[PDB]
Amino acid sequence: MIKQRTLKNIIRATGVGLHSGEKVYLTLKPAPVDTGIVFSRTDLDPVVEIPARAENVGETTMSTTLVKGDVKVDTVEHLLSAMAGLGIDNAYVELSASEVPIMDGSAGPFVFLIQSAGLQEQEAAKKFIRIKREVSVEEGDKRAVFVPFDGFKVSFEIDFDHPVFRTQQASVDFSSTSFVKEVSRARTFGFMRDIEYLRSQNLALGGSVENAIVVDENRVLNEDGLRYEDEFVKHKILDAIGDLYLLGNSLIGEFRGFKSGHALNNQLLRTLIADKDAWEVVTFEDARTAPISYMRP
């Protein structure tokens, strides 16, 4: 059967919050069967734990935030993206501050740290949300859709009226294309005028060319350029994969975004969860006949 997984070993990492500019210590801990992903603010007494679930999403403007009372965890989507892509079911994520560290702007450092520690298969069936009906949400020119699909896949389109925008569409079937190789290294990005404005509103305090593609009116200012010709849309897919993991189970289906972001992705999640006719929970007694597959642990 397809079994739940956690970490084989605890993983420690250090970085800065994109928005806060704060130094943060991250610890990823193994977790029991059916824990899910749970963020832990260990700088607080008592410790505040927020399950990484749709119902615990806050503001959503700058990034994906988990909230419980007046406590938040900012910018969860790249780490959730990394765990989603390695099929981690159960893990405690401990943080010494309000924000997940941005690392290089991509999921790559998180996927490396996780795969170094290795995965542990657990004696319990992995549960899948299978998309049964199309579920779409729109607002203005943005749209986000679930479509039934015997596998897992993400299609995304963006349309910046900007000299840098290279391919603005991409589609990845993750049963036949490597999340690790093709998506995980895709870095977040910021336009210079936006960055200047957010800096002035005491936002983007951790930002640098070390953790973001910085774009002026014409070009990438990052000296060493891009990791993929289509890095911007690839990063949009990475963000979506992170947000999709707030469903609390792995997806069998296809996601399609058209200029979508954290707010519309969240509306899609709530709309899916609410329309119980559109999805079922499945398990797989036989991996060999399953529509999705996983790397050896």
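The term rigid core refers to the maximal set of C-alpha atoms that superpose within 1.5 Å between the two forms. Sequential numbering from 1, following the sequence displayed.
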{"item": "Positional deviation of Cα atoms in 4 other deposited structures of this protein after core superposition, greater for 99 to 107 or 189 to 197", "value": "189 to 197"}
{"item": "Between stretches 175 to 183 and 140 to 148, more displaced by Cα RMS in 4 other deposited structures of this protein (rigid core superposition)", "value": "175 to 183"}
{"item": "Between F165 and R166 - deposited residues without coordinates, as a size class", "value": "1 to 3"}
{"item": "Entry-level comparison of average CA B-factors, 241 to 249 and 43 to 51, reporting the higher stretch", "value": "43 to 51"}
{"item": "Selected stretch [higher average CA B-factor]: 71 to 79 or 122 to 130", "value": "122 to 130"}
{"item": "Of the residues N211, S184, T177, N218, the one carrying the largest Cα B-factor as recorded", "value": "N218"}
{"item": "Highest recorded Cα temperature factor - choice among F156, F160, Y92, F110", "value": "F160"}
{"item": "B-factor third for the C-alpha atom of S136 within its chain", "value": "middle"}
{"item": "Position of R143 among the chain's modelled residues by C-alpha B-factor, lowest, middle or highest third", "value": "middle"}
{"item": "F189 - Cα temperature factor, lowest/middle/highest third of chain", "value": "lowest"}
{"item": "CA B-factor ranking of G58, expressed as a third of its chain", "value": "highest"}
{"item": "Position of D104 among the chain's modelled residues by C-alpha B-factor, lowest, middle or highest third", "value": "lowest"}
